[PDB]
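Colleague: please find the sequence and an experimentally derived structure below.
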2 protein chains.
Amino acid sequence: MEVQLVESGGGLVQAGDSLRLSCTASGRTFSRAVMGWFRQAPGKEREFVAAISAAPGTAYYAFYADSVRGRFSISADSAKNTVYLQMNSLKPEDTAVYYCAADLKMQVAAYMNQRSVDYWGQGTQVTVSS
Amino acid sequence: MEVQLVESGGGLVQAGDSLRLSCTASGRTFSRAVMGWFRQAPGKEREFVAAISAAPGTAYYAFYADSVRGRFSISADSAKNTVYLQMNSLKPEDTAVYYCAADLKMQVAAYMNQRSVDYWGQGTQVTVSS
């Protein structure tokens, strides 16, 4: 089987700055699974960040962790089978390895248990400088 | 919650040579899960490699994927809460990012699907040149 999720983007930014990440999904996964993002902060277990409903075309639900509400946003481009993670007003505390995830057992954007994730993209380092 | 798995090792190696992987887990996760190894060849989904489970006393049970039979040795050490994977007679075909896994539901080492994995260690590159 070919890799389901492929991540793009990352790097070092300054506090207050913004950065958007992206991830492609196979046609099949893009339409069947809830897709979302996780982040693995230094020395900590990866936490849920954001989720978007399955097959996010013209309309969809989005859901967020309290710690990123209003600052982070998830969206999609069905044409490119791609989902995005917009991160505004980054703080040093957002420094983490960012992971995209799919869960075929969910349809509506919600909290994702990492134990239930069917596929992961490769983690990407996002560093926010003080 | 602090990071459950922390893996070590990886790197460039010549065909025919050996390379060891190791991974630590928290005391609670180690004693509660079957530890495993997955690998993700370029452009592919992460495939099961080997699993190891604790049995009464000093005993363990080990299970290997057909692709890596005989050539790899899996082991674990309770005193250190670590699981090892010694890979021998490495081939270009073995080139992948290697992941250590913890499955809390499984009791005896057996084929492990990635969806059953509770925790992951940071991926580590292993490239085998001919």
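Modeller: Good, I have the coordinates. Numbering: from 1, shown residues only, chains lettered A, B, ... in the order given.
Colleague: only C-alpha atoms from now on, for both contacts and neighbour counts.
Modeller: Noted.
Colleague: quick one: end-to-end length of stretch A:113-126, please.
Modeller: End-to-end distance for stretch A:113-126, by Cα to Cα, to the nearest Å: 22 Å.
Colleague: next: stretch A:13-23.
Modeller: 20 Å.
Colleague: what about residue A:101, how many residues close to it?
Modeller: A total of 26 residues lie near residue A:101 under the criterion other Cα atoms under 10 Å in any protein chain shown.
Colleague: just checking, it touches residue A:115?
Modeller: No: using Cα atoms under 8 Å, residue A:101 makes no contact with residue A:115, being 10.9 Å away.
Colleague: so residue A:83 is in which element?
Modeller: Using DSSP states H and E, residue A:83 maps to strand A:82-87.
Colleague: please name every helix or strand in contact with that strand.
Modeller: If you count contacts as 3 or more Cα pairs under 8 Å, 6 or more residues apart in numbering or on different chains; DSSP states H and E, strand A:82-87 packs onto strand A:19-25, strand A:72-77.
Colleague: can you list the strands that the last one pairs with?
Modeller: Strand A:72-77 pairs in its sheet with strand A:82-87 (antiparallel), by DSSP bridges.
Colleague: contacting residues around stretch A:96-105?
Modeller: Applying Cα atoms under 8 Å, 6 or more residues apart in numbering or on different chains, the set of residues contacting stretch A:96-105 from outside is A:5, A:7, A:23, A:29, A:32-42, A:112, A:116-127.
Colleague: rerun at 6 Å
Modeller: Contact with stretch A:96-105 is made by A:32-41, A:117-121, A:123-126, as judged by Cα atoms under 6 Å, 6 or more residues apart in numbering or on different chains.
Colleague: do the same with stretch A:70-83
Modeller: A:22-25, A:57, A:84-88.
Colleague: for residue A:11, give the beta-bridge partners.
Modeller: Residues in a beta bridge with residue A:11, per DSSP bridges, are residue A:126.
Colleague: please enumerate the helices of chain A.
Modeller: In chain A, the helices defined using DSSP state H lie at A:27-32.
Colleague: the nearest residue to residue A:86 once chain neighbours are set aside: what's it in contact with?
Modeller: Once flanking residues are discounted, residue A:86 sits nearest to residue A:20: 4.2 Å by Cα to Cα, 6 or more residues apart in numbering or on different chains. Shown in contact with residue A:20 (Cα under 6 Å, 6+ apart): A:85-87.
Colleague: distance to residue B:65 added to the helices and strands packed on strand A:82-87, as CSV?
Modeller: Converted to CSV, those look like this (distance: least, Cα to Cα, whole Å):
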stretch, distance to residue B:65
strand A:19-25, 27
strand A:72-77, 37
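Colleague: what is the burial count for the nearest residue to residue A:92 once chain neighbours are set aside?
Modeller: Of all residues not flanking residue A:92 in the chain, residue A:128 sits nearest, at 4.6 Å (Cα to Cα, 6+ apart). A count of nearby residues for residue A:128, using other Cα under 10 Å, gives 20.
Colleague: who's in contact with residue A:128?
Modeller: Shown in contact with residue A:128 (Cα under 6 Å, 6+ apart): A:12-15, A:92, A:95.
Colleague: need those in TSV (columns: neighbour count and distance to residue B:76).
Modeller: Formatted as TSV, those follow (neighbours: other Cα atoms under 10 Å in any protein chain shown; distance: Cα to Cα, whole Å):
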residue	neighbour count	distance to residue B:76
A:12	12	37
A:13	18	40
A:14	14	42
A:15	17	42
A:92	15	37
A:95	19	32
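Colleague: how about CSV for those residues, with distance to residue B:80 added?
Modeller: Listed next are those as CSV, based on distance: Cα to Cα, whole Å:
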residue, distance to residue B:80
A:12, 35
A:13, 38
A:14, 39
A:15, 39
A:92, 33
A:95, 29
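Colleague: what's the closest of the residues you listed to chain B?
Modeller: Nearest to chain B among these: residue A:95, at 14.9 Å, using Cα to the nearest Cα.
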